[PDB]
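Here is the structure we will look at.
Bear in mind these aren't lab numbers, they're just calculated from the coordinates by the rules spelled out. No Cβ is skipped: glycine too gets one built from the backbone with ideal geometry, and neighbour counts run over all protein chains shown.
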Amino acid sequence: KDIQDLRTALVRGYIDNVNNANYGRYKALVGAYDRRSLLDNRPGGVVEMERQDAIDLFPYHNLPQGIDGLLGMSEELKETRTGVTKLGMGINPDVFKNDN
Amino acid sequence: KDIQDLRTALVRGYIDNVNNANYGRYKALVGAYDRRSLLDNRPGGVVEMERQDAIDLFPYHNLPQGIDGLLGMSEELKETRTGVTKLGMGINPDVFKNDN
Amino acid sequence: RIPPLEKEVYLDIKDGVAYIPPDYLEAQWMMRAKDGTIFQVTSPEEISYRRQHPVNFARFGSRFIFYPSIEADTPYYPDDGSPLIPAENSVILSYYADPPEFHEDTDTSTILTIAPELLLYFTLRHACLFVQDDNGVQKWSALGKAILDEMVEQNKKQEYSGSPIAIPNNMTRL
Amino acid sequence: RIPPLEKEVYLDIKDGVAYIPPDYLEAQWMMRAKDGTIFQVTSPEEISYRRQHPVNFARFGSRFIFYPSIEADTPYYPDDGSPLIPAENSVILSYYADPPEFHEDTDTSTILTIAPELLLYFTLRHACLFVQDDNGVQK
Amino acid sequence: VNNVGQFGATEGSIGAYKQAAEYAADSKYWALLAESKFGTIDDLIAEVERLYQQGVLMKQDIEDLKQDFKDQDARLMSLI
Amino acid sequence: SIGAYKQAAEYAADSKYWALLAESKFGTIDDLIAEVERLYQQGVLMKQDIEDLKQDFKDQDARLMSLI
Amino acid sequence: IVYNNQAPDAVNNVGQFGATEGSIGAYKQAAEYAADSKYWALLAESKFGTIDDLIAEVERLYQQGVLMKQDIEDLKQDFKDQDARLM
C-alpha cells in the first residue's frame, strides 16, 4: 500500500514537472516585442526591435536528483518485500519440492 | 488505457518541441537588417549594416530531461504489467505444459 | 489608468466583430455575463489562420474581431422602464474611458474629491509657461509627478493585495 | 499603511458579486470566522478555469469574485439592529480604509495623538509652496 | 491616547455603505417579497371574502329562518 | 449569469421602480380590510343575538315541558 | 466584526472605488428607495399578517361553532317539544 502511494506521489511530481516545462514560455521586456511579429511562427522573422535581450526562455526548474533515486529504491523494495522480479525465472512444482 | 494516454501526451509534447524548434527564427534589432539582403538566401552576402549584433538565433527552449526518462519508464511498465517484450522469445505448447 | 474611470459595458456582436466605443482608451478584461470565460487577445496574423485551420479577438482599426464568430445582443432596455433585462449571450467589457472635459463651473470629478492639488500644480505648470517664471515650472512639475506616482502605487499595492499569489499549474485533462 | 486604520468587517457574498466597500484602499488577510480559514487571491484568467474544469478570489472592477459560489450573508440594507450573531458562514475582512478628511476643529485622529509634527511639516510644505520659500520646502 | 502604538485605535473608514448595486438588489428583494405576498393573499382574500360574504348571506338567511321559526314556534307555544 | 456594472444613476432608477407595485396593491389590501371588518362586525352581532334567541327559546320549551 | 449596513454619507477623498462628488446622489437615492420598499413589504406582512390571522380566524372559527350550535339547539328544541306534547 505504502509503495503504491509513494510511487504515485513521485510520478505525479514527475509528470507535472515535465508538463509545466514543456510549455516553454518566453519571458520578455515590456517595450520591445513587436508583438505582431512575435505571434507569427512561420519559419523566420521576429523584429526584437530595440534591446536584443527582450525575449528569453522562462526559467523552468530542473527535475530533482531525488525523484530519480527514490523512484529507484522503491522498485527494489517491491522486489525484496515480495518475491516478484520483472526479469527473473519463476518456480515449478519440482523446485517447490526440491530447490536442487 | 493509462499508458496510451501518457505516452500520447509525451510524444505530442515532444513533437511540438521539435517542430517549433525546427522553425529556427532569427531575432533582430529594428534599424539594421538591410531587409532586402537578409531575405535573399543565395549562398552568401547579408549586410548587417551597423551593429553586428543585429541578428541572432531566437532562444528556443531545450527539450526536458523528464520526457526522456518517463518515456523510458512507460515502456517497461507495459512490459511488466503485460507479458509482451519487443525482443523476447514467445511460448509454445510444450513450455505451456512444462516450463523445463 | 485606475478603476474609478473604468467601465462595465455590454457589446453588440453581430458576427465575430464589433465596433469600438468612441470613449475607449485602453482595455482590460472582457468576458461573458455567464461562466466568465475570459477572452484573450491576439493579432490578425494569427486569427486569420485560426479561421483557415477558448476565444481570440483583435483590433482592426475601429473594429474588434473574434474568431469563433460570436453573437451577443445589447440589453432589451426600456418599456415600463424598471431595469435593463440583460440578454443571455451577453459579453461584458471593462475599459478605461476618456473622462469628460469639465466645460462647466460647478462641475466636478472624482479627482477633486480625491487629489485636486494634483490638477492645481499641473495646470500652474502651463501657466508659468504662459509667462516665463520657469523655476516655478520645475517645482510644479516635480510635485505633480510625485503625486501621480503615489497614486499609481496606491493602486499597485492594491491589485494583488489579498494573499501570496502562487502560479497556477493549469493542466488540461491528461 | 498600518494597523490603526485597519478594519474588521463582515461581508455579504451572493455567490460571487460581493461588492467592494467605498472606504477601501488595500486588503490584508481575509477569511472566515468559521473554523479559521484563509482565502488567497488570483486573477480572472485562473478562476475562470476553476469554473470550466482552497478558495480564491479576484477583482472585477468594483466587484469581488470567488470561485465557489459562496453565500456569506449580511442583514439586508434598511437593517434594524446589527447584532446578527455572525451567520455561521460569515467571512470577515481586514482592509485598510480611507480615513475621514477633517471637517471640524475639535475633530481628531490618532495621528495627532501619536505623530502630529508629521502633519505639521508636510502641510508647511505645500504652504511654502503657496508662497515661494523653497529652501524651507526642502527642509 | 498612546504615543506610537498603532494597535490602540482604528480611524473609521469613510463610510460603511454598500455599492449601489447592493441597494438595488435589496430594493428588488423587499419588492419581490411584498409582490408575491400581494398576489397570493389577494386571490385568497377576494375568493374567501366573497365566500364568507355568501357565508353571512346564508347566515342571515338562516337568521330569517329562525325569524319565521321563532315567529313559527312562538305561535306554536301560544297554541300549547 | 453575470451582469455589467451600470453607472450608479441607473441602479437608482432600478431601486425606484419597486415602490409603485407596493403602493397600488396596498389600496386593494385596505379596501378588503374594510370588507372583512364589516363582515366580522355583522357576524359577531348576528351570532350573539340568535344565541340569546335560542337560549330564551329552550327556556320557553322547558316551560312547556313542565306544563305537560 | 462589522457589517456595511450604514447609509451613504461621504465620498472617497482617497480610494478609486465607489463614491465621487458626481455619484453620491445615486447612492443616497438608492438607499431611500430601498428603505421605502422595505416600509412597504413590512406594512404588507402587517396588513396581510393582520388581515389573515386576525379577521379570517375570528370569522370562520365562530361562524362554524355557532352553526354547529344552531344544529344542536334546533334538534333539541324540536325533539323535546314533540315528545312532551305527546306525553
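Numbers for the structure displayed
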| item | result |
| --- | --- |
| Verdict on G:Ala41 being part of a helix (DSSP H, G or I), of a type in the set (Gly, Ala, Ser) and within 25 Å of E:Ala46 (Cβ to Cβ) | yes |
| Residue within segment C:19-34 that is touching a helix residue (DSSP H, G or I) at 6+ places or on another chain (Cβ under 9 Å) and within 14 Å of chain F (Cβ to nearest Cβ) present | yes |
| Residue list for segment D:66-91, filter: in contact with a helix residue (DSSP H, G or I) (Cβ under 8 Å, 6 or more places away or on another chain) and either acidic (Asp, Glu) or within 30 Å of G:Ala41 (Cα to Cα) (or both) | D:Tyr76, D:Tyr77, D:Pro78 |
| Qualifying residue in segment E:21-31 (condition: within 9 Å of chain D (Cβ to nearest Cβ), over 17 Å from G:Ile51 (Cα atoms) and more than 26 Å from the chain's Cα centre (by Cα)) | yes |
| For D:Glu45: the one exception among (1) of a type outside the set (A, V, I, L, M); (2) away from chain G (no Cβ under 13 Å); (3) crowded, with 17+ Cβ neighbours inside 10 Å | (3) |
| Qualifying residue in segment E:21-40 (condition: charged (D, E, K, R) and exposed (fewer than 15 other Cβ atoms within 10 Å of the Cβ)) | no |
| Residue under evaluation A:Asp53, criteria (1) within 30 Å of B:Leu71 (Cα to Cα); (2) exposed (fewer than 15 other Cβ atoms within 10 Å of the Cβ), criterion not met | (1) |
| Test: C:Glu88 is among the acidic types (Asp, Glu) and either in contact with an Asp or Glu (Cβ under 9 Å, 6 or more places away or on another chain) or part of a loop (DSSP other than H, G, I, E, B) (or both) | yes |
| Which listed residue, of D:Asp105, D:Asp134, D:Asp80, D:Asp98, is farther than 30 Å from C:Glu8 by Cα, of a type in the set (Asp, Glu) and surrounded by 12 or more Cβ atoms within 10 Å (Cβ to Cβ) | D:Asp134 |
| Checklist (1) surrounded by 14 or more Cβ atoms within 10 Å (Cβ to Cβ); (2) within 30 Å of A:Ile3 (Cα to Cα); (3) more than 8 Å from chain B (Cβ to nearest Cβ) applied to A:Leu63, failing item | (3) |
| Residue satisfying condition, being over 22 Å from D:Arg59 (Cβ atoms), away from every other protein chain (no Cβ under 12 Å) and not hydroxyl-bearing (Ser, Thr, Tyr), within set C:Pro68, C:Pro116 | C:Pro68 |
| Sole residue being charged (D, E, K, R), in contact with a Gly (Cβ under 8 Å, 6 or more places away or on another chain) and loosely packed, with under 15 Cβ neighbours inside 10 Å, chosen from A:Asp68, A:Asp2 | A:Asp68 |
| Among the residues listed as C:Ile2, C:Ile38, the single one being within 13 Å of chain F (Cβ to nearest Cβ) and either surrounded by fewer than 15 Cβ atoms within 10 Å (Cβ to Cβ) or aliphatic (A, V, I, L, M) (or both) | C:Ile38 |
| So G:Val58, is it within 18 Å of the chain's Cα centre (by Cα), facing chain F (nearest Cβ under 8 Å) and within 30 Å of F:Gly43 (Cα to Cα) | yes |
| Residue within segment B:40-61 that is under 29 Å from A:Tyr14 (Cβ atoms), among the hydrophobic types (A, V, I, L, M, F, W, C), in a loop (DSSP other than H, G, I, E, B) and out of contact with any strand residue (DSSP E or B) (no Cβ under 9 Å at 6 or more places or on another chain) present | no |
| When residues of segment A:74-88 are limited to those that are among the polar types (S, T, N, Q) and part of a helix (DSSP H, G or I), the one nearest to A:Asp5 (Cα to Cα) | A:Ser74 |
| Which listed residue, of A:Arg51, A:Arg7, is within 20 Å of B:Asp53 (Cα to Cα) and among the charged types (D, E, K, R) | A:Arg51 |
